[PDB]
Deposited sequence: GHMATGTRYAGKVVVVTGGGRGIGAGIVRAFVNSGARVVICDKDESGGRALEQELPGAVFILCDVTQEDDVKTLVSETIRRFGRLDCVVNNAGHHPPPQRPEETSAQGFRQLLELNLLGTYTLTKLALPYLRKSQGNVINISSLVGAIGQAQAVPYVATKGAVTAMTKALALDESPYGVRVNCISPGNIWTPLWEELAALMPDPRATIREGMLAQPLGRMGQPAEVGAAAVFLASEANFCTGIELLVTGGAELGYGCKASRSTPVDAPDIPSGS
């Protein structure tokens, strides 16, 4: 691959799901990729599978993990061109009264402050390389979702933070963009559906939530990330929707009384 050759990319949560799709896409483009993940299973196997990907164990909520991730990346590959903040979690559905402030704070630690912390530690190197930041947010940050107040709020914050940082880093040539996926078929989606009374019905509903009639693939989020890194040189602060059109038109969400 040639479109991002000679570049060094860090993908957090890259061991499975969307993150692994982004890893594969960047390897396919000719980049060297550092797979960051808190769990060893998927990321270790991915390093063995892909020439040009290596795995570094790193919990993005642990600042010393993240510092070591950046310093190890520079020590081993000599530059850093792109950070993809994909690490994140969607808790099982919760009515608002079932949420807690402390659960909210914990989700903010992963989905929001983990992204903030790696970005901060990476920006000195991204400025040297005129690199770029790609945050993986969520369509539900923009349109809301039921039984997910903390999750929706963390993604609203990521999308907004992306624009604020794009403004701060534009004088240095560092672009900052986000991708907002809708329903992408991943192990997280499958686990969440399994908790439901009728998992197959839940999966069927998830497919029909978009006009294309299917969920998206990790590879399709990966292609969007490679575009933003390698070819979107006049794009900064944008929110790239990868949703199959879920946000378009009327649907079933529930005569004038």
{"query": "Parts of the chain sequence, as deposited, that carry no C-alpha coordinates in this structure", "finding": "1 to 5, 260 to 270, 274"}
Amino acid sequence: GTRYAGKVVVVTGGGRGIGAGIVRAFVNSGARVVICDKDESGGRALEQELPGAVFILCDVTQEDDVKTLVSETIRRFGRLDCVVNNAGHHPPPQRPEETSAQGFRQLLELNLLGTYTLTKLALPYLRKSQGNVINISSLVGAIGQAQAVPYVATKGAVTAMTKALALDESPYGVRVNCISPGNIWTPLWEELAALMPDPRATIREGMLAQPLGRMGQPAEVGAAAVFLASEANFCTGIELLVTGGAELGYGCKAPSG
From here on, numbers count along this sequence of modelled residues.
property: Selected stretch [higher average CA B-factor]: 187 to 195 or 29 to 37; result: 187 to 195
property: Stretch exceeding the other in mean C-alpha B-factor - 94 to 102, 132 to 140; result: 94 to 102
property: Member of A157, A122, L110, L165 with the greatest C-alpha B factor (per the PDB record); result: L110
property: Options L69, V226, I203, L46 - largest CA temperature factor per the record; result: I203
property: Third of the chain's Cα B-factor distribution that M207 belongs to, per the entry; result: highest
property: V221 - which third its CA temperature factor falls in, relative to the rest of the chain; result: lowest
property: For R79, the third of its chain into which the C-alpha B factor falls; result: lowest
property: CA B-factor ranking of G88, expressed as a third of its chain; result: middle
property: Chain-wide C-alpha B factor ranking for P171, given as lowest, middle or highest third; result: highest
